[PDB]
Amino acid sequence: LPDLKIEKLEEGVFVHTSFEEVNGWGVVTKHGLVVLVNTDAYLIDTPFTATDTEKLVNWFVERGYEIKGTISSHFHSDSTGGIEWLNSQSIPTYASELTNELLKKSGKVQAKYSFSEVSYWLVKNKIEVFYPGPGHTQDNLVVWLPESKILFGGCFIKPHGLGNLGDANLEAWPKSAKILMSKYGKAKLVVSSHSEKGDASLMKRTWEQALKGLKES
Ligand SMILES: [Zn+2]
Ligand SMILES: [Zn+2]
């Protein structure tokens, strides 16, 4: 499959895209972000693999950035696959307590730093991690960049079909989606794991898709 792709969205914000064959989904296209604060870089989700995580880190290190931290939006390997490699490279990995518990229960390597707060500032006034409640998974988080008004919704934002329901909470997802819309109505751009980038209406599309999925279940 192709190497990880890196594309600039705007000043200090990049999209990383990685490709992996996942049993029952074929080749999955996965987006995350890299956020720059001066010469510091933060990875919003890891690629699926150590290989792609290393390519991503190398691209930024080669351009004079230090990787100061990573946040995984949920426990699935499309957000966490690179944690083990990042830990081995002394790059601080972060996950919620819930995510780390789910990683431990699935026999996976944990993030080294964890937090329990609903709202966690990875970087004061620059990178907010927010737990809207269960949806795609029990632990799913979003990341908000207040300067750019960019929301990374990870695998919670599902404007055109919910995807993998294996670990999903269909009962909670509509409530969690309304919490997200209430928190980030000012979003200019919503980047998702698997969908086209869009405006704040993608949070309303997600709420509609969660309602539809619950009703059908
Ligand atoms: Zn997932
Ligand atoms: Zn996913």
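Both ligands and their constituent atoms are indexed starting at 1 by order of listing. Index from 1, following the sequence. For the numbers below, each heavy atom of this structure counts, side chains included, while hydrogens, waters and symmetry mates do not.
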Between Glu128 and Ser119, a side-chain donor and acceptor under 3.5 Å = yes

Within less than 2.8 Å of the Zn ion (ligand 1), any N, O or S from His136?
-> yes

Residue among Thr29, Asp78, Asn164 satisfying side-chain hydrogen bond (donor to acceptor under 3.5 Å, both in side chains) with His194 | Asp78

Shortest-distance N/O/S atom, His74 versus the Zn ion (ligand 1) = NE2

Work out the angle at the Zn ion (ligand 2) between SG of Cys155 and OD2 of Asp78, rounded to 10°.
-> 100°

Cation-pi, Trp207 ring and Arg205 (6.0 angstrom, 45 degrees) = no

Test log, rule ring-ring contact (aromatic ring centres under 6.0 Å, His included), inputs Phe130 and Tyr120 | CA-CA 6 Å; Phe130 176 69; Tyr120 189 80; over 10 Å; no

Among N, O or S atoms, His76 approaches the Zn ion (ligand 1) most closely through ND1

